[PDB]
Amino acid sequence: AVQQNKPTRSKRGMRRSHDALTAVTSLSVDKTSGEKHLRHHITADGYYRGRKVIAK
Amino acid sequence: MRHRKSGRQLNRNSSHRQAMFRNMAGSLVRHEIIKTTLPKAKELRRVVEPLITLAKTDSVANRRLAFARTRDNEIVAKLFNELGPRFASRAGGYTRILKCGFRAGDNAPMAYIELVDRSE
Amino acid sequence: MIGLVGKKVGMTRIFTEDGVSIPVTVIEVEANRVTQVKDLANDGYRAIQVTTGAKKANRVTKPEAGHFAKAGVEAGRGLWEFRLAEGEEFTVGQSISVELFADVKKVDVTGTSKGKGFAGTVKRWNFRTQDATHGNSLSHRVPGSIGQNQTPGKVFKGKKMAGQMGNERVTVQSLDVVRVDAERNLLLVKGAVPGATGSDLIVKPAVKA
Amino acid sequence: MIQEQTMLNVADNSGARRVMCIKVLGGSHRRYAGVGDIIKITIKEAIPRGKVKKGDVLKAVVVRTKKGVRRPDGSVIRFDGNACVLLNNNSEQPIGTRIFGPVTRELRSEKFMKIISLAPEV
Amino acid sequence: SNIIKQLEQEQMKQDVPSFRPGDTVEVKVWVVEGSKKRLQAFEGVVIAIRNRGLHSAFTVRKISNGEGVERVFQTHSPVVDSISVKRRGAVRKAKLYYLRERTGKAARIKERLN
RNA sequence: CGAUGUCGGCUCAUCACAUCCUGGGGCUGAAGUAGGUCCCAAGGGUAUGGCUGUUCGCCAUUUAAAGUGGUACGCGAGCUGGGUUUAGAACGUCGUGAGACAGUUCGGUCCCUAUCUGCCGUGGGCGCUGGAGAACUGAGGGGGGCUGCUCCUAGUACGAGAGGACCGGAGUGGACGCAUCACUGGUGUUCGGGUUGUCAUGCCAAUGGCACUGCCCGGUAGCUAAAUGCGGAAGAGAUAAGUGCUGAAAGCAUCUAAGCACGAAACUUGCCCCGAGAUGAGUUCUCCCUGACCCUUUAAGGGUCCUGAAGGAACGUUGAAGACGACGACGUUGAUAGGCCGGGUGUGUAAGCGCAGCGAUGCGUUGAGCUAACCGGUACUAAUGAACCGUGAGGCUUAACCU
RNA sequence: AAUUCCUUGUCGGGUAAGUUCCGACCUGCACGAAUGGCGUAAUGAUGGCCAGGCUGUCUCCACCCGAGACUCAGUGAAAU
RNA sequence: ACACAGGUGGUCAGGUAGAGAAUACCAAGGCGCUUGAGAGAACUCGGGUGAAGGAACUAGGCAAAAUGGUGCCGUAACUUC
RNA sequence: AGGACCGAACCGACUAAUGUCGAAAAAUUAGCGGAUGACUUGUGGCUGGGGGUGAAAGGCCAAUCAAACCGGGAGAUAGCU
């Protein structure tokens, strides 16, 4: 249930191919406050679609 | 394989699942807005909505029924007296879901669930 | 012979006057609009291409609508091709209806079965379970032995093991057609066709005997 | 559904009380017996004066089934018990004459028409 | 959908007697004898009623000569002929399955007549 | 021999043909029928139980038949441990004894998270050479291929009588496989009700918590079989054994050397599924793109700013789609999901109130009350624009068509 | 037979079928009288057999509720 | 060896039901076990239910299932009574 | 009265599953046997390696038992690897 010969560092790297994270690239700037909030996510202060939504 | 199946387990047995919604609903009504995890928030939508629909009418039977579940005199008095008349006109949809951030410590997607009104 | 594209809308039973309860599926076969005809001259084979339904105008996109534009036919949900049987001839824009099947007695339904997902061999190939008790440890529904030994030293291609079951195009042949309604665009075939209620089916006459 | 090792209540005046099936006939590895089939039985409980005795082999036709049958309209006929009618192992004719309880309609074969006439109901 | 229901509503015979699961009912049913078509009788207790519109059905338990016989019927089949109720019983349950094992003494259903 | 680790059974198989069944033929001391024997033929099929640990074998009962073998006497990094080989113990026999056995008898630790090859599924990358959105072609590959019985013919051909066809047609079944919940049922710890014990709600009443869902009676949607439908095939081409035809060598004759016609579940197709990563990378239809420039080894080049389309992806509501990806619907010009409204279904007469009864309890209001995924509507709530990716006319050579 | 090789002895009971089981026979391969012999009520987490009851052990699995498995975030081994 | 499902002498030990220091629910009192969030595949582990048949499974009824309490009645062969 | 019966505490460890680099260098869960006696248990003593003790297996003697552990002769010897 174990290895037979150790895998090469080359074969090690190929297994790490599909491990890079994906960047966001969807930072919608708010209409009024202009924060860098994600789409369909409220801002850091609680603004969404140009509205004090959180009341906080 | 849950074809056409509803509900969510939320990694809990039924009794605990049910009892935490009994607590979460009353926690909402007393505060009108709470922060919770997103999947929990979506499942709360199928619980409080029946109660506001239960408060759109009023009787003694409904008062006992909304006391049958939710088990609180304070909440049932918060219900049937203010939330009912406040939502007398709306045909369903008494909750809003706002996705806040990410709970650093378990990376959970948290969200804000509140009443539609919240007029101050 | 050519066929049509319907939509599986539930199933029910039709009582006969003989008391024979005949279970039938209900298929709404809308107006099959022939989009484009291919020929031995241009393509290398004689066949037509049809469409049904109507997609949302703002949803249907440029190339497909432009494809629908040369045909001059109102847009539907996707296309389907049908090989001609050398002698029948239909032109672009002709609205094939369910009236074609009001002569036949056995049809063929091509459908896309329900998806069971990653299904075990017991559910996939109907393997026998190995004993529930009598000391059997940690092994009830596994397949067990899958090869011989050193002689083959490998696993043969086509071993029945676990995998994705369902969600695959199948075709039930020779279903007795019962009633062909035009005004309701309905087709009542005996039996049970593949797919969940609401899915799309290719219906065609029975090539088999 | 009757199978091997299935206890059957006797339904004639052949002289038995309890019989046990051993082998469903008609086809290799057939696993079930419906209302109009022949099965091979043994005798496990008999009256002291009957035509048969405890420990013989012969055939029967299972006339009543707790699973029941399905009529072509979809209706079912489920009895309370499992009853058989003994046969003659070569000529297939019933041994006893008087048959108790109802029988189904689907037993209506030319070779079981004798049983149809002797049954009281259905 | 509207398609199945239209297709079903033109099949249900619109003359069902509203019986109750616990009422003794005589059911008359057709029987074909090759060529000769005859009527056949059946009277027992209604122990289970299932409603699905066209697929609505009902089961009748009749203790025959010695033992019980249970039989279901497709309500909307042409095979049934007349479902004349005989006695309004008074039972609480919706499915009377305890009558499968309660014969003789306990098999007395209580008549309602209210 | 610095370990190839077990007899048989179980689950799961694959191949050979010296063929058990089914199929096609030859000959008889084959009348018919039903068999005997030999040849061709591997495609599918090829029991359930009793005793034994058994393989085997005997027996019982079936079946169209319950084939012989190779695969580390297939399979134990898949299970079991009965047999067999551990340390306990006893019987008989042999030995002075320790112990032993052509012997049998009870009990007795079966370890391993898969790197690679392999196999079953499912995606990402780039390429397919201008890019993108779809519909197919079809190389090639895989699945599938079993058969009993009854009737018509006919009780005819044949026969001494008794018996008793072939061939062709049709119906009805067993096993198996694919598919689907309309029916018959299963389950349904998210739906309704009953009820034991006990705690809390200040008490009674009415509810709620826990005791395996506390114990249970029913039960929608799904999933599902024991349920319900469907399939095997015909036919075509070229053949085996074999049957021939017309025919020389060999004036004859001869199935053959020339040629020619039939001839199997076998073979290549036909039937269903996968399938252009088939680098030989296909075809057709459609849509989009027609910038100013510097630069150098004037290179199918890069660089600067300007434009960035068709379309795509991400994000979001999500799904009879699904492990994760992927795939399908919709994203307000919107019915995608929740809620709501009506219906349906399921459970069986809520609570409160009023009457009668000593009371438990029963009756009226009430086929009520409450209803999870189901069905038809409804924007009440949540799917915000836009951004990001993707470009700017598509190398060279030759040839044929037009200046 | 806890002992019997030959052997699944032979006969009878039980079973549709019984190398095990119970009774019997006697050729006891190689029983035997305190290395105790033959029976024996009761008792036994004792060896073997049969029957009723009861059931998913099995025909043949089907569905559902939880803990992992799978995905995301943090930490992070092992034989070889 | 560890912030380890193990082991460790003596005293105290209430309410309801119950024979009981059993068990069930609770009081006093003490805690939610020191990784969570979603998903709701195959398969494994702990369990619930099952149509018809009911040991046919298997080395073997292994395991599960079932029986299970109180009062009264009644109770064989055999026996050291 | 009982080396009596059923059965918790306590003691023991027959069956099965899980575990097997485990939670644990023999445990957990589900059922089981004894449970006023040849019983069990706290504290403190006495018996020691070819000896101690043994309701007797050759078991236990500080996770070690055909003979403990520590140090010494001892760098034993090794026709073998």
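Annotation: D:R49 fulfils all but one of (1) closer than 23 Å to E:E33 by Cα; (2) in a loop (DSSP other than H, G, I, E, B); (3) away from chain E (no Cβ under 14 Å); (4) without any contact (Cβ under 8 Å) to a residue 60 or more places away in the chain; the unmet one is (1). From the list A:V24, A:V53, the one residue that fits, being of a type outside the set (S, T, N, Q), in contact with a strand residue (DSSP E or B) (Cβ under 9 Å, 6 or more places away or on another chain), within 14 Å of chain B (Cβ to nearest Cβ) and surrounded by 11 or more Cβ atoms within 10 Å (Cβ to Cβ), is A:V53.
Scanning segment E:4-52 for residues that are over 21 Å from C:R13 (Cβ atoms) and touching a helix residue (DSSP H, G or I) at 6+ places or on another chain (Cβ under 6 Å) yields one hit, E:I47. Restricting C:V73, C:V92, C:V122, C:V104 to residues that are closer than 30 Å to C:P143 by Cα, outside any strand (DSSP E or B) and either away from RNA strand I (no atom under 16 Å from the Cβ) or within 14 Å of chain B (Cβ to nearest Cβ) (or both) narrows the list to C:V122. A Cβ distance below 8 Å, combined with a sequence gap of six or more or placement on separate chains, defines the contacts here; from segment B:76-98, residues that are in contact (Cβ under 8 Å) with a residue 24 or more places away in the chain and within 18 Å of B:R30 (Cβ to Cβ) reach residues that are basic (K, R) and surrounded by fewer than 13 Cβ atoms within 10 Å (Cβ to Cβ) in the pairs B:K78/B:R30. The residues of segment A:1-12 that are more than 9 Å from RNA strand F (Cβ to nearest atom) and surrounded by 10 or more Cβ atoms within 10 Å (Cβ to Cβ) amount to a single one, A:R12. Restricting segment B:101-119 to residues that are closer than 14 Å to A:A44 by Cα and either within 13 Å of RNA strand H (Cβ to nearest atom) or exposed (fewer than 12 other Cβ atoms within 10 Å of the Cβ) (or both), the residue that is farthest from the other protein chains (Cβ to nearest Cβ) is B:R103.
Every residue, every condition in (1) outside any strand (DSSP E or B); (2) away from chain C (no Cβ under 13 Å); (3) of a type in the set (D, E, K, R), yes or no:
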residue	(1), (2), (3)
E:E8	yes, no, yes
E:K13	yes, no, yes
E:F19	yes, yes, no
E:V27	no, yes, no
E:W30	no, no, no
E:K37	no, no, yes
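Restricting E:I83, E:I63 to those that are of a type outside the set (S, T, Y) and either under 20 Å from D:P120 (Cα atoms) or surrounded by fewer than 14 Cβ atoms within 10 Å (Cβ to Cβ) (or both) reduces the list to E:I63. The residues listed here are C:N126, C:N136, C:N167; of these, the one that is touching a strand residue (DSSP E or B) at 6+ places or on another chain (Cβ under 9 Å) and within 16 Å of RNA strand H (Cβ to nearest atom) is C:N167. A single entry from C:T25, C:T35 fulfils the requirement of being of a type in the set (S, T, N, Q), surrounded by 15 or more Cβ atoms within 10 Å (Cβ to Cβ) and within 14 Å of another protein chain (Cβ to nearest Cβ): C:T25.
The number of residues in segment B:35-48 that are surrounded by fewer than 16 Cβ atoms within 10 Å (Cβ to Cβ) and touching a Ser or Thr at 6+ places or on another chain (Cβ under 9 Å) comes to 2.
Checking each residue in segment D:82-122 for being charged (D, E, K, R) and more than 12 Å from the chain's Cα centre (by Cα) picks out D:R98, D:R105, D:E106, D:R108, D:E110, D:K111, D:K114, D:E121.
Identify the residue in segment E:70-114 that is in contact with an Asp or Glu (Cβ under 7 Å, 6 or more places away or on another chain) and within 12 Å of chain D (Cβ to nearest Cβ) and, among all such residues, is farthest from E:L54 (Cα to Cα). Of everything passing the filter in segment E:70-114, E:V79 is farthest from E:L54 (Cα to Cα).
Across segment C:130-177, the qualifying residues are those that are among the hydrophobic types (A, V, I, L, M, F, W, C) and within 21 Å of C:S199 (Cβ to Cβ), and the one among them that is farthest from RNA strand G (Cβ to nearest atom) is C:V177.
Taking the residues in segment B:11-31 that are among the basic types (K, R) and either touching a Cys at 6+ places or on another chain (Cβ under 7 Å) or in a helix (DSSP H, G or I) (or both) as candidates, determine which candidate is nearest to B:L54 (Cα to Cα). Once the filter is applied, the top-ranked residue is B:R22. Evaluating C:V189 against the criteria (1) β-branched (V, I, T); (2) away from RNA strand I (no atom under 16 Å from the Cβ); (3) not in a strand (DSSP E or B) leaves one unmet condition, (3). Taking the condition in contact (Cβ under 8 Å) with a residue 12 or more places away in the chain, within 16 Å of RNA strand G (Cβ to nearest atom) and out of contact with any strand residue (DSSP E or B) (no Cβ under 6 Å at 6 or more places or on another chain), does B:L10 pass? Taking the combined requirement at face value, the residue satisfies it.
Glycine also receives a Cβ, built like all others from the backbone with ideal geometry; neighbour counts cover every protein chain displayed. Every number here is computed from the coordinates shown, using simple stated rules; none is lab data.
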